[PDB]
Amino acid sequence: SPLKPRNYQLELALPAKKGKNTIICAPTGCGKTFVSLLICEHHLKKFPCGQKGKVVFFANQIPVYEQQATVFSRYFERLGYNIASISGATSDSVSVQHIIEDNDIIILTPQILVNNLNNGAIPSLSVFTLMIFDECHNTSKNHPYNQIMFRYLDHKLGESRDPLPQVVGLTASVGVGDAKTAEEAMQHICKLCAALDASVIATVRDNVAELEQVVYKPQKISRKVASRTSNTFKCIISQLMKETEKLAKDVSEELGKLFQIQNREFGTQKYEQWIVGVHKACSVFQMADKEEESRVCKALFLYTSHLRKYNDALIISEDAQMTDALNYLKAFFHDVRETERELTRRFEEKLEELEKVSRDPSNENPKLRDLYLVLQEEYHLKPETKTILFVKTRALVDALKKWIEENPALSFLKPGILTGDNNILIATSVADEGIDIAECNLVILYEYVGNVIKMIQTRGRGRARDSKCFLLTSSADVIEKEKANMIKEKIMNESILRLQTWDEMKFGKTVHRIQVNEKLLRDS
């Protein structure tokens, strides 16, 4: 049995079901493909005896193409519709023309259709009754989408009496181009609507709460936070890491080459990725001498295991306390218990100095001080605040929890680790788990870099009472990007709301004037 549509899905689909050329603008994750399934089904059922609709669906990316092809065939083939998909994988050895003739829904990469319009294989877009453009914000410049639309519009603004298909675009963002004001952003959006001959921009307006149970992005308030003026722990550990890398790179010339790779600085997620890469290269490594293959790989796995621990401790020192970074290392080296004994005593030779720098009060992490300031402010204003604190890595979770537990100035916090009484839960990225922030009053992104964090809100408390989100970062770059993106999104949303308020004749005339201008340019 078939999925029940969400209400906001019906809401988005409705204008297209009424036959209007529509741009559906809805967030990543809310299931626009399913909305397009609803539109296509309704569309095809419109036709009376004898008549048959014919839908073309354009995919912009190969992986997405394959997925859509599968979704559409799975859903419609069962109902006895002819469904086909074709891309460059097969286009040069089949008759696109006959595939279009034989099918009710065709999933295509667009260049294929462009090629077959240009050689007359498909003499006219009139053969389609509905065209769906995924990622439709791409209908610009000289993209294949725009090239298809040029023909559609030449036909529309010309003297032919042959009908044109309905056009529906899907996108997560109509975008704003280089607009800085609502005036310019509205112009940009009207030009995209002109490009796709759209008369409606459909967004979720009536069923927002239901949407937000599926995908939700809160407003972020960014705050610049201090960071270390020096890191002696990091200098020492970095030296251990260089020694270790020398040892590792020399195991095998062939695998040695992997250490040539640059843009993998100590104490970063890039370094961790590089390590994953090394383990990967090892997994498929082969020599004729199998015992030696085994020796090389065992060696590399040992060395890299250590490097990974070091890299993690560096990150811990970066965002949290040196002592907890050091404990992380001590725990590892104890737990592992001979290259191993050597590496172990190489670490042990630094222990006294490491302990020294870690115990030095002047090595308190100033970033933690700013985190403290934020926490103290918010709990001072609202003592019953519940908080979710996101950090960069799994090891940082334990380090932050320890910091809170040992800090008498944070006596108001009872920390716990997010599972998937406590007033603050600590977590790192773990997709594709959606976090429900309808619980908490405060979300803190603490120097958070990595995979985006998928959030939902299972209920609303009013916008004033919905959870706050702070982005704490030491990067001026990140703060500037956040600010710019916030402006873009504001002007885009206000522009859309305005356009949605417009009289249909006003909108139609505005769009038509744009289309006339663009065609006049192209024709010359």
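One rule holds for the numbers: they count along the sequence shown, beginning at 1.
Counting the deposited residues that fall between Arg337 and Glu338 and carry no coordinates gives a value of 4 to 9.
The modelled chain is continuous from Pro361 to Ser362, since every residue of the deposited sequence in that stretch has coordinates.
Comparing 100-108 with 220-228, the higher mean C-alpha B-factor in the PDB entry belongs to 220-228. The mean C-alpha temperature factor is higher for 344-352 when 211-219 and 344-352 are set side by side. Between the residues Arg308, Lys270, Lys386, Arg151, the entry's highest C-alpha temperature factor is the one at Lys270. As recorded in the PDB entry, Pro63 shows the highest C-alpha B-factor of the residues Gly31, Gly53, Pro63, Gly460. Ranked against the other modelled residues of its chain, the C-alpha B-factor of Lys468 as given in the entry falls in the middle third. Annotation for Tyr81: CA B-factor lies in the middle third of the chain's modelled residues. Among all modelled residues in its chain, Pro366 ranks in the middle third by Cα B-factor. For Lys481, the recorded CA temperature factor ranks within the highest third of the chain's modelled residues.
Among the modelled residues of its chain, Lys234 has a C-alpha B-factor that falls in the middle third, as given in the PDB entry.
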